[PDB]
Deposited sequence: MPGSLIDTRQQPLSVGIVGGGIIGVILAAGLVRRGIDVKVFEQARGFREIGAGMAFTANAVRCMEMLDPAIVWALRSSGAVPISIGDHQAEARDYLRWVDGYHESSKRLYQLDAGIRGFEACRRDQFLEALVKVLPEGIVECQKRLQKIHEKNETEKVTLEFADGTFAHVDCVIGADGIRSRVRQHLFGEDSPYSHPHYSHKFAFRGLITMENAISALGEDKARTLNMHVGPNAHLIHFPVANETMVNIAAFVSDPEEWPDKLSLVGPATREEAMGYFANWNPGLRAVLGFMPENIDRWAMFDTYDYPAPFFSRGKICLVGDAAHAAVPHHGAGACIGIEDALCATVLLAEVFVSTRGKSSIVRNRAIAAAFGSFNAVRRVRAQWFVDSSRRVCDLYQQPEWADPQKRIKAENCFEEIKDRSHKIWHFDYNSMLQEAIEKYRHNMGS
């Protein structure tokens, strides 16, 4: 008889996890609270390291990804560039070469769409908002209770339900701050301008490439989208106030509100905000930084993705971390499957618990480092000393650490992680 996994959350991580597990013969169910709506129309990007992890999960995942972007005489290397956004000199500060297809970009909604088609029919169950978890003995199934009154029974439970995970609250208690994200005291304006507008304000070289503009207490990212016809703007600013608890995290705002935060910045950069639509959006940045999980797993329950370790997005790699989680969880559960197949139910459930323990041992340090790292690079992008031209040497000193932190993300040794995870699983089984 087989092994069943209930994944709470039908986001990118939970769906990628499902693909990896089913392709190995594991019985999977994905329970998604939402009706069946895709993600936001925004773009996202994956490191070549995450794409290779996708491949190892199921090569159809990478096909889904590449059929969900656009079509790019020699081959283009991907570059991150930083520019001085506060002085009209707007000189280029720093550049990181990511190599050929160092990043591969897609539409979130289009990728999640292609992924669900890759899955066999009957994996994803929508309007299934989890509300309680009923654990029993290790040897017994776990019961998930949903808001619509239905129930489901699975051998083990993975929380892939995002920044406001319900599986997390069950683990730590609804009133513990560890069950919840908190504000990072920054929020973002987001919106589009046309390429001719972008060209007009920044010049063609800056307009056609991804560039981050540093300055004091704020920073702004822009990159072309929709085959170099549009440019996406993301403008992050500092907010000393608390975010009202049940106030939504996304909200409406005006280009004039954004322009005010940047009034002292150089002309081209203010023009870019001036070219946005009159109405734009305001995104509050919450994460798990103040109260990181003490453990990603307990018994036969495991957290993954933003549920385990949601981050502010200043590395553009938070889902990459989640894809590592999926690859690790998938390889471990596969090893449970093959190594206990002819054994009693006692051994099979012990092995699940040993696998989830191993997952926590090998993943928590890197993921929680990454959450911290994401806040740290924002602080470097927003040094007060960017304002002071006499403090330029200090301000620009930051880029070596940004380099180190990027390379630690991009050059992750996932083969060693998998090897370590298997060894810890066998050790945990008394082997």
Fill in: Stretches of the record's deposited sequence for which the structure holds no C-alpha atoms
1-10, 83-88
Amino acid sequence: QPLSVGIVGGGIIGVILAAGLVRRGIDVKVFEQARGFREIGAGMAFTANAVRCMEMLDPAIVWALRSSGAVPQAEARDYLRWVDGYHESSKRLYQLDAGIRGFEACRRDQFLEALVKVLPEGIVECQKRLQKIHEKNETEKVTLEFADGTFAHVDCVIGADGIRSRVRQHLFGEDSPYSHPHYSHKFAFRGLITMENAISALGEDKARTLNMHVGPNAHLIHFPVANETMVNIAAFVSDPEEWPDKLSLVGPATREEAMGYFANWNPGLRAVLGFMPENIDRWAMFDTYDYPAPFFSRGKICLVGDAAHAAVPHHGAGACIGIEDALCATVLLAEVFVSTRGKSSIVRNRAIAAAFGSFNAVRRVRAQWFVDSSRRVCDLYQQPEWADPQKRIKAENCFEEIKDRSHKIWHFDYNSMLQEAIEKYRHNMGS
From here on, numbers count along this sequence of modelled residues.
Response to the item:
Going by the entry, of stretches 87-95 and 214-222 the one with greater average Cα B-factor is 87-95
Worksheet item: Where do the C-alpha atoms have the higher mean temperature factor in this entry, in 327-335 or in 190-198?
Response: 190-198
Worksheet item: Which one of 135, 239, 161, 287 shows the biggest C-alpha B-factor in the PDB entry?
Response: 135
Practice prompt. For the C-alpha B-factor as written in the entry, point me to the maximum among 72, 294, 181, 313.
Written response: 72
Item to complete: Divide the modelled residues of the chain into thirds by Cα B-factor and specify which third, lowest, middle or highest, holds residue 392.
Response: middle
Worksheet entry | Record-listed C-alpha B factor of residue 120: chain third | middle
Worksheet, complete the sentence: Of the three thirds of the chain ranked by Cα temperature factor, residue 360 occupies the lowest
Worksheet entry | Position of residue 102 among the chain's modelled residues by C-alpha B-factor, lowest, middle or highest third | middle
Discussion item. Lowest, middle or highest third: which one holds residue 67 when the chain's residues are ordered by CA B-factor from the entry?
Written reply: highest
